[PDB]
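Since the structure comes first, as structure tokens, the remarks are kept for the end.
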Amino acid sequence: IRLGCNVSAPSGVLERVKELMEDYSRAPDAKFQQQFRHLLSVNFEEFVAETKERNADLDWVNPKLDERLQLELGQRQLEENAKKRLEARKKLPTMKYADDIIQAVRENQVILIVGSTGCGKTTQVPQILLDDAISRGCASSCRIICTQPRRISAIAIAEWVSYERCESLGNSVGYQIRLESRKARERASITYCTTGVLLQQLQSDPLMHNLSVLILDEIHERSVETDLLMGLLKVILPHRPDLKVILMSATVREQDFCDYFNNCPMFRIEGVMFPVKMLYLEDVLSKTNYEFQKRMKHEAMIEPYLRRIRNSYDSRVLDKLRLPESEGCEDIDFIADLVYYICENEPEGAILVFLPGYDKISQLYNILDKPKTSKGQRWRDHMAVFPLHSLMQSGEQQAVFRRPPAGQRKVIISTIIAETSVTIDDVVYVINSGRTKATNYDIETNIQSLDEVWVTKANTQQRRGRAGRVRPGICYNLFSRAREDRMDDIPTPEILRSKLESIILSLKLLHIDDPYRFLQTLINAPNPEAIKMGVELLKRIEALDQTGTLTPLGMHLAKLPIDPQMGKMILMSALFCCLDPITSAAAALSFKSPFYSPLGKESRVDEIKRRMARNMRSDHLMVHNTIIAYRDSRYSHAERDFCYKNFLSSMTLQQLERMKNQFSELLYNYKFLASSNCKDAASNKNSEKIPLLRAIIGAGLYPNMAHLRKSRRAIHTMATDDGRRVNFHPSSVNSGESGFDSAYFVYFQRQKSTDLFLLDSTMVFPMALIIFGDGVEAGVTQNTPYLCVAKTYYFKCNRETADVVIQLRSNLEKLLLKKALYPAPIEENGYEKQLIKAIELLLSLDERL
DNA sequence: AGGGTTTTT
Ligand SMILES: [Mg+2]
């Protein structure tokens, strides 16, 4: 055992804390307390009974609305804005199956519609069922909900379906995504929403009584949400016989889903795309004649293959296949040469180049823009080159989607972002490197890594479709068909890679109290050891007790649309009057950073974040000052100038703001704040006290701690609480910085790519960890009295201070339990506030002189 | 000294 710095407090401070705690300790309507006890006392069958009675709206029908919409449909099918658009609808394949689909839905609770891009299932199926219900005189009974994995898709589909019915958004078709909705009319309607929206609505309507038809789309993507939803349908459907479910899938392991709901009927609907030619690396080198130079297990792979193709290819091209750099994207000039090849032959169209990540996108961009070969210099000013990356601004401009200047060919250098997330319509040629990046969590080492991996056959096939949009295209896969036969079918289902605390918590409100048994019923069951690891995190933050049952605090956390650790932080910031900065850190960790990382500008982006951090040594506070500065740029009509100069996405900033107001309104509605405004003065009287904000941040990210021991840019000898050597990620504001006031940091995410990095960190002080953490004891080890936290970091601390901080933790634990059970804003001149001031007092001792 | 991608009444 080593011993850290001294955290004993001056006697004058200790005795005012003693007086304050003693005033807290002379203290003597709860709707929330009844709801919480009611949830624990019900078994599942009485839970099912009660939800049925509380959600009964669709038990009511309006016959004059039934008959009036029945009439209006019949007449506007004689009209001529329809009767054009219905004969374009019937050119889509799905419409040929309308009647068989209507009948299969009537006879079966669950059906499955399998179709490729262009089949029209997503636009046409909901209309087929709705129009059928209106025609039969049943309009008011029908409420269709159709999920999508992505936000942009939900809106765009909804706007298109509304165009196909000659309606502005919001009468028969609507959408609903997080914090944005053009809601459809109540009945005889179709709504598109992100899968997560409907998961959040389950809390209020856990057996889906408020919809007559549920359609799940793109389930083949094996999103966490759709894998979760299908688990819950096996729980829900046996108590909802009148509910219809229509699963929808691409032709990607379609049979897994039909197997899963036990053999239910399955339609396969033809696609409409242009044919796209697949060439593998055999064919590319046979056509480009490129020449290379500047384990294996490659040749066990490549040589059996090279000889069932003896007579189909030249000798010299197959000698290139034996070089391990031939495949993938190890040689970027090879990729640059094939861009140059397509530019000369192979008539007009855009080139879409898939590379794994930021690093190789930068290389090929520099090669295409600062070419060193004569072939490239000819081509430099006849290409329009766009990098495409979630951290880059190109996606949020209109240029990459439009058609290039005359005489120039557009070339897009992109990550997997362009497979489904982003769609560009004039692409004719796909260069598929076959490599992307993926995050892999090892449960043994508790190390998450970001590694370069091969794509799956499902990826490769999606990328080939990206060329068949406007006209016949070509896909060049820079790997052999020997490499493809060693690719997996699909990527690892997202649920087996996910942290589970937040799912386990959400389930408790659906009265699914055993997560080991329930999660085992999913199409791919997560490892039970990951469930244990999720449950124990939840017991550590006291959302569950040691028998594993939900606690009043845990029920609050489960209703907040955010992972439970950062929920706890948001609630603490309500009780400790620092709401605005902490909701900002919370939103940024839940969603994204607002900073772009544009090519070539990495050194200038580093300086912008050091400037925005205001030397406060925290990536989290750094985000909040970004929001503060953003607000002032709108108050001054300098918004885009501000965003241009500092490489900020206004779109990410405005969303982060709507998340902060959504946390504020929720906390207000749960009776933890007096005002729903996250800028309210009463809610923010401590928002300028920096040592107090690092305490709240640590309360949320605990127990992810690290300790620094080195100097010199500077090099850092730092290790996390488990002993493993770490550094700050170079994107972090603490990367390379020297002269820290404290050697301790908390972090949200640790990750291995070249080294073991902390992606984000805030410098914390020992006394704040001790107050809000756990694993706290007082003792003596050498002849010195100590006070520890996590029984990992031990600090010199005299006994008079130790006895008070331990006493102070005890009262803070009793305060938190009661605020969770009997939520009320903490009154500004009451008993509870005296305890808060005691903690403020202790924490202020670490302020900068 | 480095950043695959979604998403939450
Ligand atoms: Mg519902």
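Going by the structure tokens order, chains are called A, B, ..., each with residues numbered from 1, while ligands are numbered from 1 in the order shown.
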message = Show me, as a PyMOL selection string, every residue of chain B with an atom at most 6 Å from chain A, counting only C-alpha atoms (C1' of nucleotides).
response = chain B and resi 1-2+4+8-9
request  = Based on DSSP run over this structure's backbone, return all residues of region 39-73 of chain A in alpha helix (DSSP H), as a ChimeraX atom specification.
outcome  = /A:39-41,44-54,63-73
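With distances restricted to only C-alpha atoms, A:720 is the closest residue to residue 750 (chain A) from A:43, A:520, A:720, A:122.
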key: region 51-62 of chain A surroundings by only C-alpha atoms (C1' of nucleotides), 8 Å radius, close-in-sequence under 6 positions cut, as a PyMOL selection string   = chain A and resi 140-141+205-207+209-211
message = To test your reading of the structure, identify every residue in region 191-348 of chain A that backbone DSSP assigns to strand (DSSP E or B), and report it as a PyMOL selection string.
response = chain A and resi 191-194+213-216+244-249+266-269+276-279
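For the atom pair formed by CA of residue 631 (chain A) and CA of residue 581 (chain A), the distance is 13.2 Å, given to one decimal.
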